[PDB]
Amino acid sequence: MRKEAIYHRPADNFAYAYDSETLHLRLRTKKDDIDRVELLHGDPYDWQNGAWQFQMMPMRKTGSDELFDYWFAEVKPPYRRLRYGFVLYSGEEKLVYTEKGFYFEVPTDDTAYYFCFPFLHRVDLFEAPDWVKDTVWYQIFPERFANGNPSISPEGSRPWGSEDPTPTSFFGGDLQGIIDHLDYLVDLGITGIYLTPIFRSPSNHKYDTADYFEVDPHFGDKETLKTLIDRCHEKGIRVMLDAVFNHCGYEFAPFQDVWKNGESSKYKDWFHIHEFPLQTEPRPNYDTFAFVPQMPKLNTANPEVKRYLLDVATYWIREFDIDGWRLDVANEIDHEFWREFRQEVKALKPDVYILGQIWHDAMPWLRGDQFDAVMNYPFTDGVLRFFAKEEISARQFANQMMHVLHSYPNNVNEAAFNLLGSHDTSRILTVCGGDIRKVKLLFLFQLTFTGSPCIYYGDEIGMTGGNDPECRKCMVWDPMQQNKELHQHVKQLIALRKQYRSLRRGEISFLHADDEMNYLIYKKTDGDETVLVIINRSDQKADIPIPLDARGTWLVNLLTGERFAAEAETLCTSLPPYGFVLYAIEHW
């Protein structure tokens, strides 16, 4: 046993309360280094005949990545207090892993050797609005969805679909267009709409805000926003807006003042100014988003900027009943502001989804005192490298999925915002080099994956394009030009997702085929329900053996409806190039 590979520390993904009386403990060890692991646990104050009263609970291996095995165990301390450690077995060898280090036999003359989870508290629990977990989102870039109102469209707005978007072009897309097509989305199966910035800004993306309390004229007005939202509610479709609090635009009144009045400005402390007077050349003398002079960074530590953004956050909630906030560049704003943002928001409307845009490991913002979830880009990376780019093996793809998942606690993973693309990346059909077969696979895994998936407008009907701005082409409404194959495929899966809970709340695990090269086999398990998926990731037909205890096992093909049983010789599924298949497993 390699001690140096064994690790556990009382927090985040390793130790957390799942509910008011249940604790989740996770242990990490070198892959296949340990035969079995058992959690040694007991209440820190229970001592009889002058000896601590602890108990042994076997831990379950939940997954493996490139280097480790991860073990799980849920416990319900008698009086909500718990001291604990781990006993590892491998051959006649035995190791006891504690906070005090490794031992070869359970020490018992003292409870200080052990890791400790002081107490379970309802208020410190992590809790995201539960509805989000059964929602399938639709990300829309207004300027490119549908010009429902040709009168407010910006001047110069080129004919719909005329040519490719430029970082500065316009096509008159607006809030009405969204309202005008809700029928298309309801049909598709969408139950949530995430809109990129829609407030006042000179650009076509609106990330350089000029007025947070004003819907941008070229989209509509407050009256129009209410109608879209209200109308969305009736069709059972939650709405979420993008909140750009990290930075303002070159035309944000408070900034224009500093720009003109210098250090005497009443707003000079609303930004990160290094010295006056403000200057743009050679380069800004103030902080900005990246190195964009048009996007000056706001000082969320300044009490007035804080009070301002909180009000902006509660205004649209209180007055328009939005269901969520997509915090743009959320990781660049202080944890303190985020802690207040959650208090203000949740007090006003508890079930509002607070989603942070963090392009990397986000454990620090996901401890229940800040964001409910964060856009899962690591997910996108992994999924695209395997299904679209075919760069990594099935085995590896399984290790990456297992890795990222075990990086956060279960209750966090259940509310994750899984996306395959957005207005910040190339189109998936394009990443797939135009191969619709590969894409269908992307949609399959995303829709069979636990969390809160989000589809980028057009993706369902095969829209193409490279990275920004090529990915922001005008939505395709002409049927003779939109892929019907994909559309029904996505409509098909969104459906199966609703019928099978295990598909949206289930635990996931990968089965190993002798050839973990192109064959990916995994299964979701809500606990009761149990779906199995098999995907042939290769351009050639394949006979994939499907491992499963044939004793009292029945499968139900979720595509055809067909059904059948399993015997001594476990059935072998045949799939065409890039074929897949979903089976519902029943144990009788």
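Quick note: we count residues from 1 along the sequence shown, nothing fancier.
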>> So, looking at the entry's B-factor column for Cα atoms, which has the higher mean, 405-413 or 267-275?
In response: 267-275
> Taking the recorded C-alpha temperature factors, which stretch has the higher mean, 471-479 or 394-402?
Replying inline: 471-479
> Which is it among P150, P77, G421, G382: the one with the largest CA B-factor in the entry?
Replying inline: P150
> Among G101, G324, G156, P129, which residue carries the highest C-alpha B-factor recorded in the PDB entry?
Replying inline: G156
> Can you tell me which third, lowest, middle or highest, the CA B-factor of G466 falls into for its chain?
Replying inline: middle
> In terms of the chain's CA B-factor thirds, is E21 lowest, middle or highest?
Replying inline: middle
> Sorting the chain's CA B-factors, does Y113 end up in the lowest, middle or highest third?
Replying inline: lowest
> Is the Cα B-factor recorded for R60 in the lowest, middle or highest third of its chain?
Replying inline: lowest
> Should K3 be placed in the lowest, middle or highest third of its chain by the C-alpha B factor in the entry?
Replying inline: middle
